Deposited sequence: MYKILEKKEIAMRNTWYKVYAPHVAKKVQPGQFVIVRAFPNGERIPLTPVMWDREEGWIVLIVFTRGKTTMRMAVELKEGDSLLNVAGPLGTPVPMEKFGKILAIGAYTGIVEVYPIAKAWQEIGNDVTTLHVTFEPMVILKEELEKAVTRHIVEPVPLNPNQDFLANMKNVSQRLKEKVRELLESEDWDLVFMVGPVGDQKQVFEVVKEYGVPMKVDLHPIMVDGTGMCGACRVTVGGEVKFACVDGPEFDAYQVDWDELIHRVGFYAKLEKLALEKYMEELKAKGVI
């Protein structure tokens, strides 16, 4: 249904897709996302339109090669193939308000979701400073995100004799926590963050020690993306809210961090099973 007009590897485990979807492109707003199904027996996954042309009818999606659905898209999809289903726009658009001096953070491929938001904030007259913390081969959208007040790229090393996370570089979260003290050197009116839930908690614990308001792009599991299943539910201000309807963005001071943290890898076992079986493409 939706033609892959462009497909390229813009970095390590990062693919750029320019999809023809005139329905989404004519109506999408910063903070809004899409639900995609790329295969007949495939699942529905949430992705964010990074850029759009309303006239030409296309959206840009940058998918991080994470598992079965994202890897099968990277390997088996080609410029000229079509995505089966692209549903959207979805979610509540980010408020386009005069906040002032904003620090918009993106951990890993999270900067892809910071880009549409940060750009519109800057255009409406906000003094936006973007920050991208990721592995050195994963640096993406440097030139583009360079159209604001000022950009910083803090890039940890993916050490080969080091495993994936703890005690020390998926603990690239240590430096993101360290550089977050951009507070104490500058005055901020708003902190915004797209990153893994545990990383959002650690950063919020730092920003909280100061009185700076904070917004977070929350990533719970999603199925429909239309408010009819409650998989994406989050306790916001003590109330049960649905991130596909009310979010993805929520006030970081209203979120139950401990709850969302436990809800991170509930499907992990099945997720590694799904990848393992597909990887057997010999």
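- The deposited chain is incompletely modelled, with C-alpha atoms absent over 169, 284-289.
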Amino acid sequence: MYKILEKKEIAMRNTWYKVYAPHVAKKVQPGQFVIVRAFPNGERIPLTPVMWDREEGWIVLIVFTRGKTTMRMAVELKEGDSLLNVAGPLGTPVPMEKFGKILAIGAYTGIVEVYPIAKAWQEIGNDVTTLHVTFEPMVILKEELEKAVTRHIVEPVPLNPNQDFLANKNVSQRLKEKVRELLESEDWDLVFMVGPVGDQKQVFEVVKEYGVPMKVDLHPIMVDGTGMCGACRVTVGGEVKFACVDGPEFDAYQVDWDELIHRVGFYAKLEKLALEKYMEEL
From here on, numbers count along this sequence of modelled residues.
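- When the two stretches 136-144 and 174-182 are set side by side, the higher mean Cα temperature factor goes to 174-182.
- Looking at 104-112 and 158-166 together, the entry lists the larger mean B-factor for 158-166, computed on C-alpha atoms.
- Sorting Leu131, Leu77, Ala120, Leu90 by the CA temperature factor given in the entry leaves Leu77 at the top.
- Taking only the listed residues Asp246, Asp251, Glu56, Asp224, the entry reports the highest CA temperature factor at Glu56.
- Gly125: CA B factor lies in the middle third for its chain, per the PDB record.
- The deposited CA B-factor of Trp16 belongs to the lowest third of values across its chain.
- In this PDB entry, the Cα temperature factor of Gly211 sits in the top third of its chain's modelled residues, the highest group.
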